[PDB]
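Have a look at the structure below, then the notes.
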Amino acid sequence: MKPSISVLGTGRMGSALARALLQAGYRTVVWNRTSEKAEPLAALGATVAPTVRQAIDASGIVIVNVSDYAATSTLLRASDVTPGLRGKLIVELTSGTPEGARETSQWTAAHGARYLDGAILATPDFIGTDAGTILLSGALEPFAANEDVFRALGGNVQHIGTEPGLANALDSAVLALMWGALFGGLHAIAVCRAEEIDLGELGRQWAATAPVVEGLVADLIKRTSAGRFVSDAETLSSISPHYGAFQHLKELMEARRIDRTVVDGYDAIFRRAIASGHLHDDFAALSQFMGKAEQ
Amino acid sequence: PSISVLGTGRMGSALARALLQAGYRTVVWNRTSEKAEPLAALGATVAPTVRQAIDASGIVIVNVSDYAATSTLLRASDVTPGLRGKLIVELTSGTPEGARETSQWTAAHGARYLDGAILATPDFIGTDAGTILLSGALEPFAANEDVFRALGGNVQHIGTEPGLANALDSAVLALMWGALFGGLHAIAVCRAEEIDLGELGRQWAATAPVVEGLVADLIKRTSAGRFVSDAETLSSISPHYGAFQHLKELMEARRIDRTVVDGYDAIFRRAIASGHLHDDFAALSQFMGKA
Ligand SMILES: NC(=O)c1ccc[n+]([C@@H]2O[C@H](COP(=O)([O-])OP(=O)(O)OC[C@H]3O[C@@H](n4cnc5c(N)ncnc54)[C@H](OP(=O)(O)O)[C@@H]3O)[C@@H](O)[C@H]2O)c1
Ligand SMILES: NC(=O)c1ccc[n+]([C@@H]2O[C@H](COP(=O)([O-])OP(=O)(O)OC[C@H]3O[C@@H](n4cnc5c(N)ncnc54)[C@H](OP(=O)(O)O)[C@@H]3O)[C@@H](O)[C@H]2O)c1
Ligand SMILES: [K+]
Ligand SMILES: [K+]
């Protein structure tokens, strides 16, 4: 076939989604409240639909990419547009909860629309590339039928199961890692700022040292999955040296008036693990001490 | 040159093996001497005391719990007289003031000093990727570049000022712990949403380069003062905060300790309270100071 495809939301992402569809030779129609933010996509060859309704019935698949499900829900569940959803495919690529996916599934189905709920595990620069990862959950047929449309967004766009909440559950897990790393960087930058270290140096040192962290994270997951909490020949780090080295960071942050709210959080997990006889056990032991302290 | 390693831990053992593999006469000491016996068979000499170890070799690499422990091994009246003409390489984790103090005391006993941060797990010592940052005097590094190359292909001298290594160590380890506590969270979520950790594993493999781009971008942008949104930003604060809500709610609901994420929240809210809701993620770097 080669359908017409609509994108609702011309944000930073969404704009990317749209450009990636234009670059693969799909007729792409775009709507955005604050329509001036959608003008750039006109020049790249998209048609700028004046309203949601015009957009959702100008195309046979509709990709949504706005703030949250609350905003999706006010665009698509309006009496204005709900009648037009018949036979269309809604692909909800906005960040949401698994209950949010299950609700949006049920109301789209109730208006004669097919539903795919998706988590974009990728920044704008990755949409269009063979590396671009988007996880989609929902019915299989509407995915299988349009594999060509999904390939235009990324080479690593995958269908992961029937149950439509699955994509967002996974999204929340992966985003937990992403924020850990990023708030790690925010700390790293605050330390460098305090000890008058050029961030260029931090940059070129992270380039070199990132693979070590990747090994460490991968190890955490492998070991936790296997219940290998006790120290053994294969562990690369025990809690003792982590906690020992960590002290030096706390003291530095205390001295330099850097917010400790986050690291005091780490401390509490360490101390919980050490309170059980885990001082000299693999870093993965910490995974058993993730629940709330008070009971 | 004969080379001594004090501390045959998990690391240190690695340091020792890497020296033996490059054909250095390596002597090793460890309290609880049975933990150093394995290195005998790979060709190390297990010195019964610290003193015998530090005057059996001309460079001494230290790798124990903390500077307090280094200081009780080397500043004992037993051994301090033997430190003359030696090079102490302190590769144990410590503070920058700790480096500056250990510099001054070693110099006062006629010893040369390099303070080092090992930015690598044991498996990376011996490999071209192995990264160790050394600060201290240049000559004692330059003179022994071959000894450092045996520990890693990415072993660097970064400045005269001897605290520099540990300052940088604390910054880099902040990133490392961010990621790892990120994983611990990611695992708690997976456990709650009945996701097999294998799935998390193979999804992080795929998705890690995205995070690497994001972290590298943070640093490049912060260094350049590019806090305001522009054509080149891949993420603004708004969508981060929006998606973050879904994580907080999940952890609240599943009785997962929120001490950490409430910490993130506070930084977001501080950035948003200034007109930075739709600015690059890097803007958050300006809201890292206390209350
Ligand atoms: N940025 C990334 O790298 C990335 C990656 C993965 C996931 N995501 C997800 O992708 C989505 C898009 O993020 P983004 O970076 O594109 O954000 P953004 O540039 O800040 O734009 C948000 C978009 O949502 C629209 N919107 C917001 N509130 C709305 C409302 N109440 N009613 C209608 N439309 C509304 C905006 O229209 P207006 O112009 O009128 O505000 C705009 O099109 C988010 O759900 C985010 O969680 C983003
Ligand atoms: N593991 C890593 O990947 C890694 C990363 C970078 C740097 N480091 C740093 O390297 C150092 C060692 O780490 P590790 O993994 O080897 O820790 P570890 O396996 O627990 O070993 C600690 C070593 O320090 C010795 N030690 C501790 N307190 C001592 C004292 N009071 N007197 C004498 N020796 C003492 C221990 O002696 P005993 O064995 O008899 O107890 C042992 O040899 C730490 O500063 C750590 O922060 C480690
Ligand atoms: K979604
Ligand atoms: K050190």
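Counting neighbours? That spans all protein chains shown, and the Cβs are built from the backbone with ideal geometry, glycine included. Each answer follows from the model by the rule given with it, or from the source it names; no laboratory read-out is quoted.
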Considering B:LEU197, B:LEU184, B:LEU180, which residue is in contact with a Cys (Cβ under 7 Å, 6 or more places away or on another chain) and without any contact (Cβ under 8 Å) to a residue 12 or more places away in the chain?
B:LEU197
Scanning for something crowded, with 16+ Cβ neighbours inside 10 Å and free of Cβ contacts under 8 Å to residues at least 24 places away in the same chain, does the stretch B:75-87 turn up at least one residue?
no
Would you please name the residue that is farthest from B:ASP169 (Cα to Cα), looking only at residues in the stretch A:232-242 that are surrounded by 17 or more Cβ atoms within 10 Å (Cβ to Cβ) and more than 7 Å from ligand 2 (Cβ to nearest atom)?
A:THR235
Scan B:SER229, B:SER170, B:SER238 and give me the residue that is assigned by CATH to the domain that holds B:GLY275, among the hydroxyl-bearing types (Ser, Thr, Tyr) and part of a loop (DSSP other than H, G, I, E, B).
B:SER229
How do the strands (runs of 3 or more DSSP E) wholly within the stretch B:6-124 filter down when requiring 3 or more residues that are within 16 Å of ligand 1 (Cβ to nearest atom): which remain?
none
Being within 28 Å of the chain's Cα centre (by Cα) and more than 10 Å from chain B (Cβ to nearest Cβ): is that true of A:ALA226 here?
no
Residues being of a type in the set (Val, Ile, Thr), within 14 Å of B:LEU180 (Cβ to Cβ) and away from ligand 2 (no atom under 16 Å from the Cβ) - total across the stretch A:167-222
1
Counted residues in the stretch B:213-223 being in contact (Cβ under 8 Å) with a residue 12 or more places away in the chain and either at the interface with chain A (Cβ under 7 Å from one of its Cβ atoms) or in contact with a strand residue (DSSP E or B) (Cβ under 7 Å, 6 or more places away or on another chain) (or both) come to 6
Residues located in the stretch A:199-212, provided they are buried (at least 22 other Cβ atoms within 10 Å of the Cβ) and more than 7 Å from chain B (Cβ to nearest Cβ):
none
Within the stretch B:6-27, of all residues that are away from chain A (no Cβ under 13 Å) and more than 16 Å from B:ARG149 (Cα to Cα), the one nearest to ligand 3 (Cβ to nearest atom) is B:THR8
Checked the stretch B:248-267 for anything surrounded by fewer than 22 Cβ atoms within 10 Å (Cβ to Cβ) and part of a helix (DSSP H, G or I); matches are B:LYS248, B:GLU249, B:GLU252, B:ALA253, B:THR259, B:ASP262, B:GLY263, B:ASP265, B:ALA266, B:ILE267
Could you count how many residues in the stretch B:174-198 are in a helix (DSSP H, G or I) and more than 7 Å from chain A (Cβ to nearest Cβ)?
2
Of all residues in the stretch B:88-110, which are surrounded by fewer than 19 Cβ atoms within 10 Å (Cβ to Cβ) and of a type outside the set (S, T, N, Q)?
B:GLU97, B:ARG100, B:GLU101, B:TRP105, B:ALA107, B:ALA108, B:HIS109, B:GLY110
Unique residue being on the phi > 0 side of the Ramachandran plot and either away from ligand 2 (no atom under 15 Å from the Cβ) or more than 14 Å from every other protein chain (Cβ to nearest Cβ) (or both) when the list is B:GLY82, B:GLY43
B:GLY43
Kindly indicate the residue of the stretch A:117-141 that is more than 28 Å from B:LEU218 (Cα to Cα) and free of Cβ contacts under 8 Å to residues at least 40 places away in the same chain and also farthest from ligand 2 (Cβ to nearest atom) among those meeting that condition.
A:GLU141
When residues of the stretch B:133-154 are filtered for being within 11 Å of another protein chain (Cβ to nearest Cβ) and surrounded by 21 or more Cβ atoms within 10 Å (Cβ to Cβ), how many remain?
2
